[PDB]
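Taking it in order: structure first as C-alpha cells, then the write-up.
Values in this text are rule-based calculations from the coordinates and carry no lab data. Ideal geometry is used to build each Cβ from the backbone, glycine not excepted, and the neighbour counts take in all protein chains shown.
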Amino acid sequence: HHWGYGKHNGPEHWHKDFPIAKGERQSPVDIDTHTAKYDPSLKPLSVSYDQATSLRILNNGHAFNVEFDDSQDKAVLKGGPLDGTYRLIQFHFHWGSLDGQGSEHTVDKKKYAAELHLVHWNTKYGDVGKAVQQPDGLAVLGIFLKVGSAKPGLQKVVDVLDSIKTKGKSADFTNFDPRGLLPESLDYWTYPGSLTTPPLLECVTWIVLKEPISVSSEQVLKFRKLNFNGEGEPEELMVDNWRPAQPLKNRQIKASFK
Ligand SMILES: NS(=O)(=O)c1ccc(C(=O)NCc2ccc(F)c(F)c2F)cc1
Ligand SMILES: NS(=O)(=O)c1ccc(C(=O)NCc2ccc(F)c(F)c2F)cc1
Ligand SMILES: [Hg+2]
Ligand SMILES: [Zn+2]
C-alpha cells in the first residue's frame, strides 16, 4: 500500500505511482572514473558547519534522519558547482545486509558498505517546499562508508538508534557536530540528478566525495538492527534500503581533481 525496498514494492515498482522514475536525470548513477571530465574551472567546495544546530533524530521507515534548524544560514554549503547558498536541513544513510553492498552510487561498479547523504536546499527559493519545484533547488553531499576502523564522530549516532528502533519513533538529538563525518579531502565528482526515493524529483545537484570514510563492522552492524516496521507489526529488519544505479543518458560527470 506504499513504496519500500521489498520484493513487492521496491525500486522496480516505483514507476507505477511515480512516472518520473523513468526520467532523464535519475539518481543514483555509476561513476566511471576514466570517463568523468576533469573541469579545472570547478570551484573548491566551502563547507561551513560551525554554527550547525541538530535538533532531532527519527526513523521514518525507509531510513533514519537527523534534522537541523534551517531558519537561518547556520550550516551552509557553497562553492563547487553551486551558485547561491544552500542550507543543511537533514542527513541520512543507505546501507546493505552485507559489507559488500549498501551504497547507491558505485565507483567503477564498486559498491561500498554504506552512503551518507547531507541534504541542502537553495535559499533563493524561501522554503524547502519551493526549492523542490526548481532544477537547482537541492544539493546533496554524498560520502562513501567502507568497513575498517571505527569513526569517532559516528558513535553518537550509533548509541541513540536503540530508542528509534521502529517507524515513527524520534528522539531529541541536539548539539551534534556534522563535521565529524567528513573525510580529509573534499575532492569530488558532480552531476545533475534527482532524489533517490519517491517522489524522485529531478531537482538535485549531486556532489560525491572521492575519499570514503571508514567505519567498524560493529558500527555498521547497529544500523542493521533497525526496523522498517512500526511497533506491533511483524519485524522487518531495515537493510538494503538502496536504489540500484540508473542510466546516465544525456549527462556528463565532472571531476574537481585529476
Ligand atoms: N526547520 S526544521 O528542523 O524543523 C526541519 C527539519 C527537517 C525537515 C524535513 O526533513 N522535511 C522533509 C523534507 C522535504 C523536502 C526537502 F527538500 C527536504 F530536504 C526535507 F528534509 C523539515 C523541517
Ligand atoms: N536519498 S536522497 O538524498 O535523494 C533524499 C533526500 C531527501 C529526501 C526527503 O526529504 N523526502 C521528503 C520529500 C517529500 C515530498 C517532496 F516533494 C520532496 F521533494 C521530498 F524531498 C528524500 C530523498
Ligand atoms: Hg524542481
Ligand atoms: Zn538520500
Which one of these does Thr197 not meet: (1) touching a residue at least 12 places away in the same chain (Cβ under 8 Å); (2) more than 16 Å from ligand 2 (Cβ to nearest atom); (3) more than 21 Å from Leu42 (Cα to Cα)? (2)
When only residues in segment 76-130 that are free of Cβ contacts under 8 Å to residues at least 24 places away in the same chain and closer than 17 Å to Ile143 by Cβ count, which is surrounded by the most Cβ atoms within 10 Å (Cβ to Cβ)? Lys111
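Within segment 182-206, restricting attention to residues that are of a type in the set (S, T, N, Q) and crowded, with 19+ Cβ neighbours inside 10 Å, which residue is nearest to the chain's Cα centre (by Cα)? Even if it seems obvious, please write down each step before you answer.
Pass one, segment 182-206, residues of a type in the set (S, T, N, Q): 185, 190, 194, 196-197, 205.
Those still in the list that are crowded, with 19+ Cβ neighbours inside 10 Å too: 190, 194, 196-197, 205.
Values: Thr190: 14, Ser194: 11, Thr196: 9, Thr197: 10, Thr205: 12 Å.
Top of the filtered list is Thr196.
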Kindly provide the set of residues from segment 108-157 that are within 21 Å of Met238 (Cβ to Cβ) and either of a type in the set (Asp, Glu) or within 16 Å of ligand 3 (Cβ to nearest atom) (or both), ordered by number. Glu115, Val119, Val140
Within segment 122-146, can you find the residues that are away from ligand 4 (no atom under 16 Å from the Cβ) and in a loop (DSSP other than H, G, I, E, B)? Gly126, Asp127, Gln133, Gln134, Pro135, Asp136
Using the structure shown, decide if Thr174 is farther than 23 Å from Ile20 by Cα and within 14 Å of ligand 1 (Cβ to nearest atom). yes
Counted residues, segment 149-171 - those being within 16 Å of ligand 1 (Cβ to nearest atom) and of a type outside the set (A, V, I, L, M, F, W, C): 4
Any pair with Cβ under 9 angstrom, 6 or more apart, that starts in segment 236-247 at a residue that is closer than 14 Å to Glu104 by Cβ and touching a residue at least 24 places away in the same chain (Cβ under 8 Å) and ends at one that is among the β-branched types (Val, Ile, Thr) and assigned to a loop (DSSP other than H, G, I, E, B): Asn241/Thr197; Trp242/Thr196; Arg243/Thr196; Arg243/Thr197; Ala245/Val29; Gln246/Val29; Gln246/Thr196
Positions within segment 122-144 being within 12 Å of ligand 1 (Cβ to nearest atom) and over 16 Å from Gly80 (Cα atoms), in sequence order: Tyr125, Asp127, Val128, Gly129, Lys130, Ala131, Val132, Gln133, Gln134
